[PDB]
There are 2 protein chains.
Amino acid sequence: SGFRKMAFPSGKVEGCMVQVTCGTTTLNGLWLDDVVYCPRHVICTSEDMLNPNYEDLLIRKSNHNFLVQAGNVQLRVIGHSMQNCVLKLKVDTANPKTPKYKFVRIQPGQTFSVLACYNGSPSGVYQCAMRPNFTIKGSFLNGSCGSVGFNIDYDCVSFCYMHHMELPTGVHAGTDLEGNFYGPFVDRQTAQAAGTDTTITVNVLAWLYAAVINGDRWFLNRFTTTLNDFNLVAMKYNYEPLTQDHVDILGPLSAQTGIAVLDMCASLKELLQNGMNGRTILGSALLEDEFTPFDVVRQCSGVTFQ
Amino acid sequence: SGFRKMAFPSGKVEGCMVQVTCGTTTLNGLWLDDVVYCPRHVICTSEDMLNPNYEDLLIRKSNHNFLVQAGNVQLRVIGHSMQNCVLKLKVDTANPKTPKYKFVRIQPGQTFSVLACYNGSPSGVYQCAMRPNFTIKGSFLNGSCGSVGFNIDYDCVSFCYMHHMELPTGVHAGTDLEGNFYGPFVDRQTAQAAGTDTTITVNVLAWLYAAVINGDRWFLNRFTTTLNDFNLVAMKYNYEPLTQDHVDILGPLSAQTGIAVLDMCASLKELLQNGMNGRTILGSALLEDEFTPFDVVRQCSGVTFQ
Ligand SMILES: O=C1C[C@H]2CCCN2C(=O)c2cncc(c2)/C=C/CCCCCOC(=O)[C@@H](Cc2ccc(Cl)cc2)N1
Ligand SMILES: O=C1C[C@H]2CCCN2C(=O)c2cncc(c2)/C=C/CCCCCOC(=O)[C@@H](Cc2ccc(Cl)cc2)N1
């Protein structure tokens, strides 16, 4: 028993992390086979960041302008190209520790593990959700750009996030590994703001199921509701609409516990209206929304990798 | 900016995890040089667990009774011995992935990363603290025994915890890597209870410093207090006594922020007395006590390893 914010083991991803230096700028790169992936803003001076012409700035660079270091070993750059906001540095050496991998674009509400890196070396690992407003609530300092987010999907490292920037509100913005930003953000030092954020409703229900599995039952009532009546209450407290798709993916946790999804919706409805009655759920005084239904299954089943 | 519950990268420890089978029992082992470390209760039947004599039980075992698997490869056992509650299996092969390592016995309030494992394979990584009552609030299922807790101290993996059991309250008990239990617990299916748990006062103060560093500052007053006056208030809320040793360890965060330790104690005193008034600190409605003073420095300075 017990329930913690749990990250994927980081070893497979640690083996891919490299240092990319261009001019006086150093950040992190992802080394997969004979290509290194990093944010294209590595090629910018502070002045370039104000209004960058990336097509022109990339053409003006030669392969010799890029210093790539895998630990203490220098990797010779033999080619440079752009895919959207990601720089691709072709090198003369394939990474022998390249895991079986995919590039995937995740939906708002989906979680992933972040390996926070500086100078191509890991600092630590933590769990993040893609927020409904397409930001993430990270822990990232100057030099963290090119740190990646991932899941392990059976036998495959699914890379879903590369870190690009921090908004003045202190939340984080980045791209998939095809270099396409999550949300309406751009890799230039212009005034940008995230939309109003909402609570991930399907994730709150998943976490209440996790609490029942671990023996917490005080919040369970004898009531049930409809999806429509739940959603009328949900919208008032800045919760995302629960869809029929959400009810289906909670099915496994409903099966495990024998508590119908719409019974747990009635319990959540009472918690939102009347509060937590001076009590905690899994060591929290607030309703947690950064566990997906499958995050609960993986932790409470003891799913392993390799 | 941002502050998250952050674990060490798990890769160095992943390279040391093996599967240990004795009869119909399989759990996890730690492979360092030519020794595999695991809980001695691996040699017990469910019947033996009720009233084990480990000295007699181990006499009855041969080297051949231990199946050690490093992935798909069997490691031949050439010796077995007991050190307190830890079994040491000498094998014919030294682990080529052995990092620089120390065995350390940690104090109550000290934090560490857990690599939770099943069948010698990793499930996930999370951060824990040694509680004042010598339990840990883990996430552990059947098959998790031999999972280890660690810190990375410069370029050295400091192993501090091996997992042995779950108490009926749903908290966890285990040993250092010399096999000495934290707290008054034994590896036998006997009636056992942890002492009443207390809040780790020095850790709460460290987390308030982390909040100021990230710009969360509403809880700061310019009240003064003495250590003795603070402790008279603190003890009433089931907080550990704060010593002058504790005041010194917060010194670095006081230096960074320019808020004196006893000024932050005055602010904590007000939060205890008056509550949070429906506000949050780093997205929490309760006072967090599982960040050490150095955990704050590591995360906010971007410490990396090797
Ligand atoms: O995003 C950052 C910087 C980031 C990007 C270049 C290098 N960078 C990091 O190395 C870094 C990564 N992650 C976290 C941090 C720093 C923390 C910073 C603290 C102060 C933040 C104050 C508000 O910053 C901003 O609005 C944008 C403004 C901005 C947006 C886009 C670009 Cl192309 C350049 C600047 N600046
Ligand atoms: O500690 C466990 C079992 C643990 C030890 C053998 C294998 N073990 C795990 O594989 C395991 C590790 N960690 C978490 C779990 C299981 C979770 C279990 C859910 C039920 C918990 C109900 C309460 O269990 C107990 O009091 C003691 C009773 C007990 C105490 C000491 C011993 Cl030497 C044997 C049994 N049993």
Side-chain angles (χ1 to χ4, degrees), chain A residues 1-15 17 71 113-128 136-144 152 166-172 214-216 276 280 282-286 295 298-306, chain B residues 1-15 17 71 113-128 136-144 152 166 169-172 214-216 276 280 283-288 290 295 298-306:
Chain A
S1 77
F3 203 75
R4 282 283 189 183
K5 194 68 67 62
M6 182 174 276
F8 289 98
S10 59
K12 288 188 195 286
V13 179
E14 291 173 53
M17 296 313 302
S113 300
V114 170
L115 186 66
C117 294
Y118 302 88
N119 301 309
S121 282
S123 179
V125 62
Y126 53 87
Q127 205 68 353
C128 278
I136 76 171
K137 297 193 186 167
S139 178
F140 288 121
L141 305 170
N142 180 238
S144 63
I152 306 174
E166 178 169 313
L167 297 169
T169 52
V171 303
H172 298 109
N214 284 284
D216 288 24
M276 293 212 48
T280 62
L282 300 172
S284 186
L286 298 157
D295 289 340
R298 81 188 200 78
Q299 188 171 163
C300 298
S301 308
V303 170
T304 63
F305 311 101
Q306 187 173 324
Chain B
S1 76
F3 202 74
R4 273 302 196 48
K5 193 61 80 64
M6 185 179 283
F8 290 98
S10 58
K12 289 179 153 72
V13 175
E14 289 174 61
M17 300 312 304
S113 296
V114 172
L115 183 65
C117 294
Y118 302 91
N119 308 110
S121 287
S123 179
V125 62
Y126 54 87
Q127 198 68 358
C128 270
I136 77 172
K137 294 173 147 167
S139 177
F140 289 123
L141 305 166
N142 180 239
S144 63
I152 305 176
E166 182 166 313
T169 55
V171 301
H172 300 109
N214 286 288
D216 214 337
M276 299 198 65
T280 63
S284 185
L286 65 96
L287 304 170
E288 298 292 311
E290 298 207 344
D295 288 342
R298 277 209 316 279
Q299 188 169 158
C300 295
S301 74
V303 168
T304 62
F305 315 101
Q306 188 167 13

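Throughout, protein chains are lettered first and strands after them, A, B, ... in sequence-line order, and every chain is numbered starting at 1.
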Interchain contact, B:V125 with chain A, by part (heavy-atom threshold 4.5 Å): both
Over all atoms of both residues, closest heavy-atom pair of B:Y126 and A:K5: CB-O, 3.6 Å
Among B:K12, B:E14, B:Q299, who wins on heavy-atom pairs under 4.5 Å with chain A? B:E14
Please classify the contact of B:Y118 with chain A as side chain, backbone, both or neither, using a heavy-atom distance under 4.5 Å. both
Drop me the distance from A:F140's CZ to B:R4's CZ, to the nearest 0.5 angstrom. 9.0 Å
Return the minimal non-hydrogen interatomic distance between B:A285 and A:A285, and the atom names on each side. CB-CB, 3.8 Å
Quick check for you: to the nearest 0.5 Å, what is the distance between A:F305 atom CZ and B:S123 atom OG? 6.0 Å
Working to the nearest 0.5 angstrom, can you tell me the gap between A:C300 SG and B:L141 CG? 7.0 Å
Okay, B:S284 and chain A: the region with an atom under 4.5 Å from a heavy atom over there is backbone
Are B:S121 and A:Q306 close enough, and set up right, to give a side chain to side chain donor-acceptor pair (under 3.5 Å), and what steps lead you there? CA-CA 7 Å; B:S121 287; A:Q306 187 173 324; over 6 Å; no
Against chain A, label B:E288 side chain, backbone, both or neither, depending on which of its atoms sit under 4.5 Å from a heavy atom there. neither
NZ of A:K137 to OG of B:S1: how many Å apart, nearest 0.5 Å? 12.5 Å
Tell me, for B:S301 versus chain A, whether the close heavy atoms (under 4.5 Å) come from the side chain, the backbone, both or neither. backbone
Which one of B:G11, B:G124, B:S139, B:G71 has the most heavy-atom pairs closer than 4.5 Å to chain A? B:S139
